[PDB]
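S.K.: Here it is: the structure, laid out below.
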Amino acid sequence: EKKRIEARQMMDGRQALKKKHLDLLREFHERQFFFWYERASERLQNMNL
Amino acid sequence: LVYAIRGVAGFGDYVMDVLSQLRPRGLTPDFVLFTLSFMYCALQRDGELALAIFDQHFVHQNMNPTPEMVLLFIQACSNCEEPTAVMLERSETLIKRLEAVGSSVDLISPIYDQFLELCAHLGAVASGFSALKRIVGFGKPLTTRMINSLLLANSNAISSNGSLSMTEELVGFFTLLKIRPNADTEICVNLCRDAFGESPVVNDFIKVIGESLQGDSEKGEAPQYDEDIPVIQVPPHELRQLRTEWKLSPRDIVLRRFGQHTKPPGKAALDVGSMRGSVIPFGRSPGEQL
Amino acid sequence: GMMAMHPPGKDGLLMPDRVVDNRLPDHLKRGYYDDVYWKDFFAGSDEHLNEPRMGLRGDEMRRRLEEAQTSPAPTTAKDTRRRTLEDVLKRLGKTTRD
Amino acid sequence: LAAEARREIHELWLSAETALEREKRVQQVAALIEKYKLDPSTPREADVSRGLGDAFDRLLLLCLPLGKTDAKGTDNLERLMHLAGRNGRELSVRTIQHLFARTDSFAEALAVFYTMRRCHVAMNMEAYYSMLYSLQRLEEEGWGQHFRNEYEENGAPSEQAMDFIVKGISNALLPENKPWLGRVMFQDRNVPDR
Amino acid sequence: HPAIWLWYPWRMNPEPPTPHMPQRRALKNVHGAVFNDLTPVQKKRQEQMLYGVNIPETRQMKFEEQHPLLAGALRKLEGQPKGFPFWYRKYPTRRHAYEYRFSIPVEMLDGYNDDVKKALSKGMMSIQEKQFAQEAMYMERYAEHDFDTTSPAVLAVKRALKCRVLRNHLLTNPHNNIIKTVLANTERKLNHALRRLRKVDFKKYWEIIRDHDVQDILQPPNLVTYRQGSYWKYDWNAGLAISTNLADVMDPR
Amino acid sequence: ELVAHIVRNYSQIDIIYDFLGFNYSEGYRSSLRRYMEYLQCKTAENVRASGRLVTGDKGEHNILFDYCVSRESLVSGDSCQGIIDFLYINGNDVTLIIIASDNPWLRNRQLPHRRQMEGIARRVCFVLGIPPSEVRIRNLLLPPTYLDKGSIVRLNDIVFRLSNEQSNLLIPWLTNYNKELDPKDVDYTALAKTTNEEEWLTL
Amino acid sequence: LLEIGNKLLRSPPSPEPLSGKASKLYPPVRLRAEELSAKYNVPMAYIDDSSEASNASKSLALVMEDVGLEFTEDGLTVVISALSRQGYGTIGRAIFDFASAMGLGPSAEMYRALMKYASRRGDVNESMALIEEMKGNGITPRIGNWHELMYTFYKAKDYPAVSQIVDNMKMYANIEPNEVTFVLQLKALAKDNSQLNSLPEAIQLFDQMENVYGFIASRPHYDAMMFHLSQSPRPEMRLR
Amino acid sequence: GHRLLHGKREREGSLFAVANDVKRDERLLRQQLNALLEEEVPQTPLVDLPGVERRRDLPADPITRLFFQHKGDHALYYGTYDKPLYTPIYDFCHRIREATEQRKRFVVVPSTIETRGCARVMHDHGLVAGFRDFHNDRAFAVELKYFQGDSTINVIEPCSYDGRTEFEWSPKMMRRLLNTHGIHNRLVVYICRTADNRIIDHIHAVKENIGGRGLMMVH
């Protein structure tokens, strides 16, 4: 029983770490969108010509 | 059935019984049906029915809410009579879940406007002020209706928190943000004045807003007012169905119409080796040198 | 390593050959061994040798608690209070006018 | 005229560093703007803004702390932000942090945020996150001032005040309970709001 | 006014950058593991799902490195209206913007003509854009978070859409043997995804079945094997035997 | 007769019973709160209590706050660092008393971060008006299912600023309380050592 | 060096600006110093603020320059090693702590210099405590530190521990052994008596070093191998 | 409200960052994310030694404990070697044989429980020089042992000669392996995993009177 409860707790800790790394990935992907916006905004200006 | 009684009162128990009876019939409620139910709740401005529906049917579904559904729920919970703090908690939970999940439509401004109106009715000045950070993060501009809701929250939050400093901080928006005042703004600021006291800045703002309202009345014929947010009453067949089409056929898939191919294994399964003797560990000749 | 294989000592790791109880056969642990290790039991400070360690160790606490219990409490329950409706209103921050 | 404006902006910055009235500094920055014609309608010729350089950001940050309620004291900042947007200059992280350090009230922070939104000013994600952190710190300071006033007028801390002490602000975009946000955005430059 | 009395430049030789080089290289490794180190199909899917994964830190793609003229042109009008995007919070991935071509948010088309709006409207979207719009609608319906593309329901709907596309292709091109084999593989994968979704989350599986009218999509092929209980032994062999939460749906007494 | 004598003489027998770890139903947090408020009232002599907040009558700050129960506050599978059980403000010092959990993977979440401690100290400065120059804050991790003599002594020394002699004068049963930490749980012992051997965080 | 270490131990200096002239222990011969160090990435030992610590650092630098060592990390490592070889472990540790507090980074070489004192005396517990302290200070134990640990166990007459440390260094530490490592292992196997296969192990290890690693045996290798082989009366080993 | 976590990937909380792909490798991404979460205010970094998440997981050997550090969650995703139809033991034996027939110094083999146990047993018996990246949970390097040209390992054969049949060894089988061909056999080593997830050889198996599932033989 002790081993089983330890395994369950380890799974929960893994889920917590997954949430943390998902937050990190969200922050990373927001930054990469900024590159896309700057590149895309300049191109659309040309299309107005 | 739910859409037919949208303009009829005294049918919340019927809606709840229909939702309960959905399960024995082999059917499950979906986002369209929840949207229709919350549309009925917002139209009837009952609030308690919407709260009960969310508490005992929706949370078990564990589905992503839609912006229309969230807006209808918040509209019902705000326009209802005698709102409670559990309604604020549910609205915050729904807003957080909606932000966490994705969306294509944009109802952020009306959703937050109704949330601020709910905070005004409840007295949650802190929640109303904190929703401003969410609005700023979304980049949406503030509205005179939102500021009026903040003023009303300050007026009717005598117990929890709020004072002349809060009144001044709220009233410094119209000058700084260049937002036109309103008759509802004047009423709310007078209510806040009577609730807390007489600050000179508040008095000067009251005088200038009275002069501006008189000038606007002279220019036009009727004083301006904060128009209420319209309630969606569209039929269920044009409620932005989140499914295009699946014209698949299980009979054709099982009968292998169009000639599907699976590339079966060859000699690997068939071969079993020599069965002259018994299968012993390490084989008959463990190890070999060539 | 032998230090890792054998159990540690008092201040940390210790070689098994540094313990007399290990390197000395049991049949030779009588006589001179007892003379050598007598001081490990029967030598020390006067308090260490004469103070009885098998006596009562909670008598001070017990007597403190007994005298505290015998000592009365000047303040008791507010049975002399009016306990009226006006008192309840004052407790709730209310009154007849409210 | 660009060098003259640069040294004039330096002298105005040192004057503002010296103890001066907020209305006085508003008048000084407005007079400088009108005398150098830092107007959006100015053509490419005689555009001191394009050559201001560091003077441009110095004048941008010189007016914010003295916002008060003056219409001129707001529209001078609006004109400066419009000029920045027309010239395409992007505000650095240091510039944003210095601009929001001089901010005193949440109303003024909202005013400057919406003014720069109207003027379409360029910046990076690190600057945006620094602005958000400053905004939430300003809201926290306002709530702390309110609770200090209520505590000093009531004689004892309230349960709500202690709950606020433990929790923080109601809502946040970089909440303290998860001290791993902003690592990607910030290049190990934590904003020390004071 | 402190002054330094001792210093050894050659003994020091210090090169710690104030922008932390370990942080720079960690970000580069993350970007490489997300986009650069992938198969071509995975790179295509990553580009289709995310906004600027192909743009490096230098903001110059390899194609731009090799063909500067074909990548960019000269335009007199400055990007004065284009400042910081204050609406970026609501568009984390491409699936949040499937209304216009190239997944362009609506707010970005403000100071642009109705002709450009019509050119970027839905009618001009390509076949790939329309397929991504469909799968993005389904991901919006059945997503767990903003960057959720591997939910069981999302996998089921994507497998079904792939099967539909392959079958529609075979409707007009009935002599594509490789497409026939791919369709068989996709149907098997869809069956596995649907069985897993049915066992782990029955609500969404039932909703999908009812919505798309494929009631018998999960049926046993052969009576000979079915009557030996090999169709139900799949649930046990797949680790999905005991997962129902009996208390929620029934009375375990 | 013996139980009557015990209840008549040992007024805090239930507190000792819960601290030793005998209470399996509701832990020992309630007894810890009763012990802390008893010490606070014995020190202040003008203690006023209102629900889960106990405050002295101005002067030197003596504030005890029962924030929440960490056992129910902590949720497995989520990411939220820093959940305190008790908050004690004594003078210009703030102490975050946190009871550890039986799950070793949740202690890291339970302990608040340095930024969280700085923010809480800043909030204390904002609300109570304590100058930022002289403000200290620190954590205090307590064993999950009991409360050993060493932990109690550290609590008395750090939180209530009471030396051992006057603590024993105030509390008779303290000197005979001889409960020690469980030798099996080494994760908690190491965490408690590295948490209680750190200096006060200033400002 | 001994008198400087005694002064630094008995009466450690103070990080105050105007304490150098006030203190007779370390007689001399606005902008914050720590802020300047943080801005310009310079150690606090190179800053002259007329402080007591500044005077102590200047005296130490003058003494080391007189000896022939620059006031840097390598010079500090050399002086601490020289002290530790001739006892004076406490004085060496005091100098190490003073350098750490003055900003000259306590590198793994300095930690090895500290470990030399325990290695010469054979204090296994002290060497392990030093390894743990180096790990806790965020510094990876290097091949020299592992060599000093092996020498500590060899001098403490636990010879199989040297081989165990070598195996753990190869497996977990991931440090390729060098000629010094091979010499230490050969000495440990030569003096080892826990297992009967020490001589075959040493011979195979020597062959492995010669062939696989590609090293060339030097005088230490040859002396260790000959000392091991001159212990068995077998004519084959004598011929070897 | 309950979401079932089906599969070891979901139980271990894989991010599934790659779009529409669940079987993609993620260890590098997780390692870089942990490196980002590391702190460069006294901020002591973490050493490169292999670590464990729990203080109780430190080895009981005091010397071995010096090579392990207690890292909370950064201890996961350790290792540099990546994963290099058949059983892991069969693959391990094939790699070892085909590299010792090519006179290589190191062989990268997948690090499973049985594989690392067999590697440790061979190291104890002296058939392997050493190991690299042994704490890695995916693969590790076996350093081959050479003496006077020819390799120490002569014949290495897995128990599952066809790669699809497993065998359970009784204590009688272990004792017969010990006394194979009428002689006491400490020369050829038979390795078996016991019922307690413990990998030993036939000598220890017959000493403690147990058996197990055989893995491979090497001499």
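Going by the structure tokens order, chains are called A, B, ..., each with residues numbered from 1, while ligands are numbered from 1 in the order shown.
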At a cut-off of 8 Å, list the chain E residues touching chain G, using only C-alpha atoms, as a CSV table (one decimal) with N, CA, C and O atoms, in the first residue's frame.
M.R.:
chain,number,residue,atom,x,y,z
E,1,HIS,N,34.7,58.1,-3.7
E,1,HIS,CA,35.2,57.7,-5.0
E,1,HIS,C,36.2,56.6,-5.0
E,1,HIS,O,37.5,56.8,-5.0
E,2,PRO,N,35.7,55.4,-4.9
E,2,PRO,CA,36.6,54.2,-4.8
E,2,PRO,C,37.5,54.1,-6.0
E,2,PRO,O,37.1,54.4,-7.1
E,3,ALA,N,38.7,53.5,-5.8
E,3,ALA,CA,39.7,53.3,-6.9
E,3,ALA,C,40.2,51.9,-6.7
E,3,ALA,O,40.4,51.4,-5.6
E,4,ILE,N,40.5,51.3,-7.9
E,4,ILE,CA,41.0,49.9,-7.9
E,4,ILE,C,42.5,49.9,-7.9
E,4,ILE,O,43.1,50.7,-8.7
E,5,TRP,N,43.2,49.1,-7.1
E,5,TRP,CA,44.6,49.1,-7.0
E,5,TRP,C,45.3,48.0,-7.6
E,5,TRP,O,46.5,48.0,-7.9
E,6,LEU,N,44.6,46.9,-7.9
E,6,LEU,CA,45.2,45.6,-8.4
E,6,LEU,C,44.3,45.1,-9.5
E,6,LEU,O,43.1,45.1,-9.4
E,7,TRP,N,44.9,44.6,-10.6
E,7,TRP,CA,44.1,44.1,-11.7
E,7,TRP,C,45.0,43.3,-12.6
E,7,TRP,O,46.1,43.7,-12.9
E,11,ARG,N,45.0,37.3,-16.7
E,11,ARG,CA,44.6,36.3,-15.7
E,11,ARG,C,43.1,36.2,-15.6
E,11,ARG,O,42.6,35.1,-15.4
S.K.: Neighbouring residues of range 105-117 of chain B were defined as those with any atom within 7 Å, considering only C-alpha atoms; residues of the same chain fewer than 5 positions away were excluded. Please report them as a list in words.
M.R.: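 Residues meeting the cut-off are residues 67, 71, 74, 75, 78, 128, 140, 146, 149 and 150 of chain B.
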S.K.: Go ahead and write the selection's residues with N, CA and C atoms as a PDB file, in the first residue's frame.
M.R.:
ATOM      1  N   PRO B  67     -18.121  31.681 -25.766  1.00  0.00           N
ATOM      2  CA  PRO B  67     -18.312  33.072 -25.322  1.00  0.00           C
ATOM      3  C   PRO B  67     -19.770  33.477 -25.222  1.00  0.00           C
ATOM      4  N   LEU B  71     -21.451  34.735 -21.781  1.00  0.00           N
ATOM      5  CA  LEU B  71     -22.119  36.030 -21.753  1.00  0.00           C
ATOM      6  C   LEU B  71     -23.561  35.897 -21.287  1.00  0.00           C
ATOM      7  N   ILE B  74     -23.588  35.232 -17.489  1.00  0.00           N
ATOM      8  CA  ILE B  74     -23.279  36.429 -16.713  1.00  0.00           C
ATOM      9  C   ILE B  74     -24.422  37.435 -16.797  1.00  0.00           C
ATOM     10  N   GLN B  75     -25.069  37.540 -17.960  1.00  0.00           N
ATOM     11  CA  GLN B  75     -26.219  38.427 -18.089  1.00  0.00           C
ATOM     12  C   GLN B  75     -27.346  38.006 -17.160  1.00  0.00           C
ATOM     13  N   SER B  78     -26.371  38.739 -13.526  1.00  0.00           N
ATOM     14  CA  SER B  78     -26.328  40.157 -13.197  1.00  0.00           C
ATOM     15  C   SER B  78     -27.722  40.776 -13.174  1.00  0.00           C
ATOM     16  N   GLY B 128     -14.251  44.256  -9.527  1.00  0.00           N
ATOM     17  CA  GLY B 128     -14.481  45.167 -10.635  1.00  0.00           C
ATOM     18  C   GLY B 128     -13.227  45.915 -11.044  1.00  0.00           C
ATOM     19  N   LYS B 140      -8.628  45.873 -24.934  1.00  0.00           N
ATOM     20  CA  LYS B 140      -9.891  46.530 -25.241  1.00  0.00           C
ATOM     21  C   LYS B 140      -9.978  47.871 -24.514  1.00  0.00           C
ATOM     22  N   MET B 146     -18.757  50.827 -18.252  1.00  0.00           N
ATOM     23  CA  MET B 146     -17.918  50.139 -17.277  1.00  0.00           C
ATOM     24  C   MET B 146     -17.570  51.054 -16.110  1.00  0.00           C
ATOM     25  N   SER B 149     -20.520  51.364 -13.903  1.00  0.00           N
ATOM     26  CA  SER B 149     -20.644  50.174 -13.067  1.00  0.00           C
ATOM     27  C   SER B 149     -19.668  50.223 -11.899  1.00  0.00           C
ATOM     28  N   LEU B 150     -18.441  50.684 -12.144  1.00  0.00           N
ATOM     29  CA  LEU B 150     -17.480  50.831 -11.053  1.00  0.00           C
ATOM     30  C   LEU B 150     -17.973  51.833 -10.014  1.00  0.00           C
TER      31      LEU B 150
END
S.K.: Please provide the set of residues having any atom within 9 Å of residue 192 in chain B, restricted to only C-alpha atoms, with same-chain residues fewer than 2 positions apart removed, written as a PyMOL selection string.
M.R.: chain B and resi 151-156+163-164+167+187-190+194-197
S.K.: Can you work out which one of G:102, G:94, G:22, G:139 has the shortest atom-to-atom distance to chain H, counting only C-alpha atoms?
M.R.: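 Among G:102, G:94, G:22, G:139, it is G:139 that comes nearest to chain H.
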S.K.: Once you count only C-alpha atoms, which residues of chain A turn out to be within 6 Å of chain F? Could you give them as number ranges by chain?
M.R.: A: 12-13, 15-16
S.K.: Kindly export the residues of the current selection with C-alpha atoms, as a compact mmCIF listing (two decimals), in the first residue's frame.
M.R.:
# COMPACT_ATOMS: atom_id res chain seq x y z
CA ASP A 12 0.60 13.95 -9.37
CA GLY A 13 4.01 15.63 -9.11
CA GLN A 15 1.35 16.55 -13.64
CA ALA A 16 2.41 19.64 -11.68
S.K.: Work out how far apart CA of residue 197 in chain H and CA of residue 195 in chain G are and give it in Å to one decimal.
M.R.: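 So the two atoms, CA of residue 197 in chain H and CA of residue 195 in chain G, lie 28.4 Å apart.
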S.K.: Quick one: everything within 10 Å of residue 29 in chain A, counting only C-alpha atoms, minus sequence neighbours fewer than 3 positions away in the same chain. Send it as a tab-separated table (two decimals) with N, CA, C and O atoms, in the first residue's frame.
M.R.:
chain	number	residue	atom	x	y	z
A	23	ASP	N	3.33	26.31	-19.02
A	23	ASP	CA	3.41	27.76	-18.88
A	23	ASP	C	4.66	28.31	-19.56
A	23	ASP	O	4.61	29.34	-20.25
A	24	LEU	N	5.79	27.63	-19.38
A	24	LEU	CA	7.02	28.06	-20.06
A	24	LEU	C	6.86	28.03	-21.57
A	24	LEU	O	7.31	28.95	-22.27
A	25	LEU	N	6.23	26.98	-22.10
A	25	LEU	CA	6.02	26.88	-23.55
A	25	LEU	C	5.10	27.97	-24.05
A	25	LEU	O	5.30	28.51	-25.15
A	26	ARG	N	4.06	28.30	-23.28
A	26	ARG	CA	3.18	29.41	-23.66
A	26	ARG	C	3.96	30.71	-23.75
A	26	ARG	O	3.80	31.48	-24.70
A	32	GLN	N	7.46	34.14	-30.02
A	32	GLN	CA	7.62	33.81	-31.43
A	32	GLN	C	6.51	34.42	-32.28
A	32	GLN	O	6.72	34.70	-33.46
A	33	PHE	N	5.32	34.62	-31.70
A	33	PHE	CA	4.26	35.32	-32.42
A	33	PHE	C	4.65	36.76	-32.71
A	33	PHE	O	4.28	37.30	-33.76
A	34	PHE	N	5.39	37.40	-31.80
A	34	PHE	CA	5.80	38.78	-32.02
A	34	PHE	C	6.67	38.91	-33.26
A	34	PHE	O	6.55	39.88	-34.01
D	184	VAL	N	11.25	33.54	-19.91
D	184	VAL	CA	11.52	33.64	-21.34
D	184	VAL	C	11.48	35.09	-21.79
D	184	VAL	O	12.33	35.54	-22.57
E	31	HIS	N	14.11	26.12	-29.16
E	31	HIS	CA	13.60	26.37	-30.50
E	31	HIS	C	14.00	25.26	-31.46
E	31	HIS	O	13.20	24.84	-32.31
E	50	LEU	N	1.38	26.75	-35.43
E	50	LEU	CA	1.98	27.85	-34.69
E	50	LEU	C	2.33	29.00	-35.63
E	50	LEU	O	2.45	28.83	-36.84
E	51	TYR	N	2.51	30.18	-35.04
E	51	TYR	CA	2.64	31.40	-35.83
E	51	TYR	C	4.04	31.59	-36.39
E	51	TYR	O	4.24	31.60	-37.61
E	52	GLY	N	5.04	31.74	-35.51
E	52	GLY	CA	6.36	32.11	-35.97
E	52	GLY	C	7.47	31.16	-35.59
E	52	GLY	O	8.58	31.60	-35.25
E	53	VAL	N	7.20	29.85	-35.63
E	53	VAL	CA	8.23	28.88	-35.27
E	53	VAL	C	9.35	28.85	-36.30
E	53	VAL	O	10.51	28.62	-35.96
E	92	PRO	N	-3.10	33.00	-29.57
E	92	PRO	CA	-1.85	32.28	-29.28
E	92	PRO	C	-1.42	31.36	-30.41
E	92	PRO	O	-0.23	31.31	-30.73
E	93	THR	N	-2.35	30.63	-31.02
E	93	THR	CA	-2.03	29.72	-32.12
E	93	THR	C	-2.88	30.07	-33.33
E	93	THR	O	-3.83	30.86	-33.26
E	147	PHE	N	-2.77	25.29	-26.40
E	147	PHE	CA	-1.83	24.54	-27.23
E	147	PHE	C	-2.10	23.04	-27.15
E	147	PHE	O	-1.18	22.22	-27.18
S.K.: Excluding residue 99 in chain B and residues on its chain fewer than 6 positions from it, collect all residues at most 10 Å away from it, counting only C-alpha atoms, and give them as a ChimeraX atom specification.
M.R.: /B:65,67,93,108 /E:89-90,145-146
S.K.: Write out as a PyMOL selection string which residues come within 10 Å of residue 12 in chain B when counting only C-alpha atoms, dropping same-chain ones fewer than 6 positions away.
M.R.: chain B and resi 5+18+37+40-41+44+46+48-50+53
S.K.: Please check the contacts: residues of chain A at most 7 Å away from chain H, using only C-alpha atoms, listed as number ranges by chain.
M.R.: A: 11, 14-15, 18, 21-22
S.K.: Please produce a file of those selected residues containing N, CA, C and O atoms, as a compact mmCIF listing (two decimals), in the first residue's frame.
M.R.:
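And here is the file that came out, selection-v6.txt:
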# COMPACT_ATOMS: atom_id res chain seq x y z
N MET A 11 2.95 10.45 -9.73
CA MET A 11 2.18 10.85 -10.91
C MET A 11 1.64 12.27 -10.76
O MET A 11 1.69 13.07 -11.71
N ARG A 14 4.36 14.73 -11.34
CA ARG A 14 4.63 14.83 -12.77
C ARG A 14 3.63 15.75 -13.45
O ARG A 14 3.99 16.55 -14.32
N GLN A 15 2.35 15.66 -13.06
CA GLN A 15 1.35 16.55 -13.64
C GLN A 15 1.64 18.01 -13.30
O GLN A 15 1.48 18.91 -14.14
N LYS A 18 4.36 19.19 -15.46
CA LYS A 18 3.82 19.39 -16.80
C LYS A 18 3.14 20.74 -16.92
O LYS A 18 3.30 21.43 -17.93
N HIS A 21 5.88 23.46 -17.15
CA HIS A 21 6.53 23.51 -18.45
C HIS A 21 5.58 23.97 -19.55
O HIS A 21 6.02 24.58 -20.53
N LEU A 22 4.28 23.70 -19.40
CA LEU A 22 3.31 24.25 -20.34
C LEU A 22 3.25 25.77 -20.24
O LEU A 22 3.13 26.46 -21.26
S.K.: Measuring atom to atom with only C-alpha atoms, identify which of G:12, G:92, G:27, G:136 is nearest to chain F.
M.R.: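 The closest residue to chain F is G:136.
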S.K.: Among range 8-215 of chain H, which residues carry a DSSP assignment of alpha helix (DSSP H), reported as a PyMOL selection string?
M.R.: chain H and resi 8-11+27-37+62-65+88-100+113-125+171-178+202-207
S.K.: Give me, as a list in words, the residues of chain E touching chain D, with the criterion being at most 10 Å (counting only C-alpha atoms).
M.R.: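 Applying the cut-off to the listed atoms yields residues 18, 19, 20, 21, 23, 24, 26, 27, 78, 79, 80, 81, 82, 83, 84, 85 and 86 of chain E.
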S.K.: Kindly export the residues of the current selection with N, CA and C atoms, as a compact mmCIF listing (two decimals), in the first residue's frame.
M.R.:
# COMPACT_ATOMS: atom_id res chain seq x y z
N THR E 18 26.25 40.13 -20.05
CA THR E 18 25.14 40.61 -19.23
C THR E 18 23.80 40.03 -19.68
N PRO E 19 23.48 39.94 -20.99
CA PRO E 19 22.41 39.02 -21.40
C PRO E 19 22.92 37.59 -21.29
N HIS E 20 22.36 36.81 -20.37
CA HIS E 20 22.95 35.53 -19.99
C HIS E 20 23.06 34.57 -21.17
N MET E 21 24.31 34.27 -21.55
CA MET E 21 24.55 33.31 -22.62
C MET E 21 23.98 31.93 -22.34
N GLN E 23 21.18 31.35 -20.85
CA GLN E 23 19.78 31.53 -21.19
C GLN E 23 19.58 31.61 -22.70
N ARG E 24 20.49 32.31 -23.40
CA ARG E 24 20.41 32.38 -24.86
C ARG E 24 20.49 30.99 -25.48
N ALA E 26 19.94 28.10 -24.03
CA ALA E 26 18.78 27.31 -23.65
C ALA E 26 17.59 27.62 -24.54
N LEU E 27 17.36 28.91 -24.83
CA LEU E 27 16.28 29.27 -25.74
C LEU E 27 16.54 28.71 -27.14
N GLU E 78 6.09 53.86 -44.66
CA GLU E 78 6.58 53.30 -43.41
C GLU E 78 5.45 52.64 -42.64
N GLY E 79 5.82 51.70 -41.78
CA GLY E 79 4.85 51.01 -40.94
C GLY E 79 4.42 51.85 -39.75
N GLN E 80 4.07 53.11 -40.01
CA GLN E 80 3.65 54.01 -38.93
C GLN E 80 2.39 53.54 -38.21
N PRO E 81 1.30 53.16 -38.89
CA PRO E 81 0.13 52.67 -38.15
C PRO E 81 0.40 51.42 -37.34
N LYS E 82 1.32 50.57 -37.78
CA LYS E 82 1.58 49.29 -37.13
C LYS E 82 2.49 49.52 -35.93
N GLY E 83 1.92 49.48 -34.73
CA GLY E 83 2.69 49.58 -33.51
C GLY E 83 2.77 48.26 -32.77
N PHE E 84 2.60 48.31 -31.46
CA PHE E 84 2.59 47.02 -30.77
C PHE E 84 1.20 46.40 -30.83
N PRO E 85 1.11 45.09 -31.04
CA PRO E 85 -0.20 44.42 -31.05
C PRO E 85 -0.72 44.24 -29.63
N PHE E 86 -1.71 45.04 -29.26
CA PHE E 86 -2.32 44.95 -27.94
C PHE E 86 -3.41 43.90 -27.86
S.K.: Residues of chain H within 7 Å of chain C: nearest atom pair and distance (Å, one decimal) for each, counting only C-alpha atoms, sorted by chain and number, as a Markdown table?
M.R.:
| residue | atom | partner | partner_atom | distance |
| --- | --- | --- | --- | --- |
| H:61 | CA | C:4 | CA | 5.9 |
| H:62 | CA | C:4 | CA | 5.9 |
| H:63 | CA | C:4 | CA | 6.7 |
S.K.: Using only C-alpha atoms, which residues sit within 6 Å of residue 218 in chain H once same-chain residues fewer than 5 positions away are excluded, as a list in words?
M.R.: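 Neighbouring residues, sequence-local ones excluded: residues 155, 156 and 189 of chain H.
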S.K.: Could I get the residues of chain H with an atom no further than 6 Å from an atom of chain G, each paired with its nearest atom pair and that distance in Å to one decimal, using only C-alpha atoms, sorted by chain and residue number, as a Markdown table?
M.R.:
| residue | atom | partner | partner_atom | distance |
| --- | --- | --- | --- | --- |
| H:44 | CA | G:138 | CA | 5.4 |
| H:45 | CA | G:138 | CA | 4.9 |
| H:46 | CA | G:138 | CA | 5.3 |
| H:47 | CA | G:140 | CA | 5.2 |
| H:49 | CA | G:173 | CA | 5.9 |
| H:131 | CA | G:171 | CA | 4.9 |
| H:132 | CA | G:171 | CA | 4.7 |
| H:133 | CA | G:171 | CA | 5.9 |
| H:134 | CA | G:171 | CA | 5.5 |
S.K.: Any idea what the distance is between CA of residue 49 in chain E and CA of residue 66 in chain B?
M.R.: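 For CA of residue 49 in chain E relative to CA of residue 66 in chain B, the distance reads 21.3 Å.
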S.K.: Given a cut-off of 9 Å, which residues of chain H touch chain F, counting only C-alpha atoms, written out as a VMD selection string?
M.R.: chain H and resid 54 to 56 72
